[PDB]
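In what follows, chains are A, B, ... by sequence order, proteins preceding strands, each numbered from 1.
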Amino acid sequence: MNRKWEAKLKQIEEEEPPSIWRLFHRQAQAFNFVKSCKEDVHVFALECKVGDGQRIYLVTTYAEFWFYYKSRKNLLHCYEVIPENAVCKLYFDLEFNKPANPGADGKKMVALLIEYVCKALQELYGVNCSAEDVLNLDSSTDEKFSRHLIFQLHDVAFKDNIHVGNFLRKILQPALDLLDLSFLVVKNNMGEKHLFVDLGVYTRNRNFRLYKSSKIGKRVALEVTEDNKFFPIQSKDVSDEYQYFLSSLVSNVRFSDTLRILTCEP
DNA sequence: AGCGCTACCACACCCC
DNA sequence: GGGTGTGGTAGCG
Ligand SMILES: Nc1ncnc2c1ncn2[C@H]1C[C@H](O)[C@@H](COP(=O)(O)OP(=O)(O)OP(=O)(O)O)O1
Ligand SMILES: [Ca+2]
């Protein structure tokens, strides 16, 4: 109830074919529309013209969004809005300052990370998976090894992203102590000891840069790594790039009549 | 007309 | 000197 109260105060304080394309200034007004929609619609965040994080919000289906998005001539700097309390996938934001840590073997650190989380998923939930179920994206530059991992688990999902964070803090506590998970620590922008895993992305209504999208500032967009081992099922009725787009979406959990929802309280 | 939060610091408090 | 909650903005994500 504590969350539903903060929104109520912010509110008072503030022919053609079957298409759906609604832009909203307030994230709250967007989700309100989704409820009164009657169509499998979702919420996207577009970075406004301002160089800061000022964002506007779009509401449309995945298919209709990919239609006006695939060319990459329009709708640049888009983000997925991960709805609070909604079932989602296991994902990661991986990033360290390249020059600050030279000896870091990026492609080797991710494999060690995945094999750990995989083992963790088995010991704690009986879930079995391998890197073959891990969509691997890249947005790196000459100064930042940036990677996004989206797990594609078979009939499995988390209660929400808040529980994903709890899962990681639990299994990454041995590394957090280091103010064998030695390969996680990395020197930050100013010599400080941060964690190769960004644990600040597991919040309510988190934005997450979409596939083939770059921040309003730079121009490097997310793309599938070369060592990626997740390959969707080829379907003649939709393009392959659309498959990766659907997979990459954190909050687009495969409909399954045997879905195991995973929880984890802190 | 973004949104969410925590890391950080100040203070106040308590205890033999 | 240690140890434990409480505000409250400032800045990351
Ligand atoms: N000002 C911001 N406002 C709202 N959401 C943000 C903001 N900054 C970051 N986020 C969200 C969207 C981002 O996809 C998510 C992770 O932070 P961030 O690392 O900066 O983006 P990114 O991982 O997609 O690119 P990269 O890390 O390589 O710079 O947090
Ligand atoms: Ca990042």
Report the distance from atom [atom1] of [X] to atom [atom2] of [N], rounded to the nearest whole Å.
X	N	atom1	atom2	answer
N207(A)	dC5(B)	CG	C1'	14 Å
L176(A)	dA7(B)	CG	P	10 Å
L9(A)	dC3(B)	CG	P	14 Å
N161(A)	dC3(B)	CG	P	17 Å
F44(A)	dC3(B)	CZ	P	18 Å
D52(A)	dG4(B)	CG	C1'	15 Å
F31(A)	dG4(B)	CZ	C1'	13 Å
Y202(A)	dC5(B)	OH	P	15 Å

- Item | Any residue meeting side-chain contact (heavy atoms from CB on, under 4.5 Å) with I261(A), in chain and number order, not counting sequence neighbours |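 Counting only residues at least two positions away or on another chain, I261(A) forms a side-chain contact (heavy atoms from CB on, under 4.5 Å) with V87(A), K159(A), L259(A).
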Just to verify, what does [X] make a side-chain hydrogen bond (donor to acceptor under 3.5 Å, both in side chains) with, not counting sequence neighbours?
X	answer
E226(A)	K107(A)
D198(A)	none
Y79(A)	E47(A)
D177(A)	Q173(A)

Would you list the protein and nucleotides 10-13 of chain C atom pairs, both N or O, that sit under 3.5 Å from each other?
unit_1  : atom_1 : unit_2  : atom_2 : d
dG13(C) : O3'    : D198(A) : OD2    : 2.6
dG13(C) : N3     : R206(A) : NH1    : 3.0

- Item | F65(A)/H42(A) aromatic ring centres below 6.0 Å |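 For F65(A) and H42(A), the ring centres are not under 6.0 Å apart.
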- Same-atom distance (P) from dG13(C) to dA1(B), integer angstrom: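 The same atom, P, in both gives a distance of 28 Å.
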- If we call a positive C1'-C2'-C3'-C4' torsion north and a negative one south, what is the sugar of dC5(B)? south
- Given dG2(B), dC5(B), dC3(B), which nucleotide is nearest the side-chain atoms of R55(A)?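 Nucleotide nearest to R55(A)'s side chain: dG2(B).
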- Phosphate-side-chain proximity, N205(A) and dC3(B), N/O vs OP1/OP2 below 4.0 Å: no
- Is there a donor-acceptor pair under 3.5 Å between the side chain of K89(A) and the backbone N or O of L153(A)? no
